[PDB]
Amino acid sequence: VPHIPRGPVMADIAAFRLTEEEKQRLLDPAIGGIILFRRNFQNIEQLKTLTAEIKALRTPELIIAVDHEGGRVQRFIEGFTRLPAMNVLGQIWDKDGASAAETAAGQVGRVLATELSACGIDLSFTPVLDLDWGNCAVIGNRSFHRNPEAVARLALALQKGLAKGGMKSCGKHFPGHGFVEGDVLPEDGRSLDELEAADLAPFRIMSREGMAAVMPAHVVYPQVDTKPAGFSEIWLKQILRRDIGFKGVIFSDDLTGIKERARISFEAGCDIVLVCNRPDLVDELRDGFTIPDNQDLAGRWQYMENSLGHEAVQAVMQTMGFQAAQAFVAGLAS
């Protein structure tokens, strides 16, 4: 079993089981992780087999992630608790108050993460920290709430729940996707002060409380930089690293030539580039790829490794407390 450092590329796979070609691709030193999608899911036992064979290829084991946010963003349905959209939690906040909403968010996080942890998944790319300005359809009900305080608090409560389930968090989409219209490269014309007073606050607060990663917005904020955030040294190095003090992973979000697109991502401050639905572009990228110097990469990947062992998860899922959490969360979704 070859020992190769996790590379800075997160790739993906076609279907339910690895092909031989995929195995060879995943052994490339450029690759450090995998993101899964609904097309990779048949049932829980198949998923376990898939994650095991991915993990068996090399050490440190490839980090495996998925988009389980809730509502209309939940890749794996059958055999999982159906998760509510995050704005459901914000509706509880408005109706029953912060305390009930936080409690509910904790349980959603716990169920979400634990069920995925049982299947060999390391991380869900959640939570969305974008504010619901009522402008952006592609975010839509994926946002907790309009109000930064509600978003921050619900996100923190979800994060604690995720940690109980073995998982770190990934805040999306830095520095805030909520204000633009999105239904192209959108433009958010606001000033940095306007963003600091609202959209950025949940990111600051989550970073302070141990958030593992961030996904950047594919959005230009011209008053701060002419470049989209995911390609901006100002956003990623000057604001996120230096000003906010964030030490976790900065993902590039989807780059899908590719070599040049990746280069500018890394140069801007991204640790890991995502290349989804395009194994051809992954093949093009990795051929003659030089791994950029990043002494923090290894630790940044490792912080995201799932913190629960397989047996410990099986035990927790047998408890009455967890099963009650499952039924509570199921009830929010219907």
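In case it trips you up, residue 1 is the first one in the sequence shown, and so on.
- Unmodelled deposited residues between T103 and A104: none, per the record.
- The segment from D183 to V184 is interrupted, since 1 to 3 residues of the deposited sequence in that interval carry no coordinates.
- When 111-119 is weighed against 259-267, 259-267 comes out higher, by mean CA B-factor as recorded in the entry.
- Between 62-70 and 276-284, the higher mean Cα B-factor belongs to 276-284.
- Reading the B-factor column for the CA atoms of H177, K247, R142, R82 in the entry, the top value corresponds to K247.
- Highest CA B-factor among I13, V9, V313, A325, as stated in the entry: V313.
- When the modelled residues of the chain are ordered by their C-alpha B factor, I291 lands in the highest third.
- Per the PDB record, residue ranking by Cα B-factor puts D193 in the highest third of the chain.
- When all modelled residues of the chain are sorted by CA temperature factor, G32 is found within the lowest third.
- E209 sits in the highest third of its chain by CA B factor, as recorded in the PDB entry.
- Per the PDB record, residue ranking by Cα B-factor puts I92 in the middle third of the chain.
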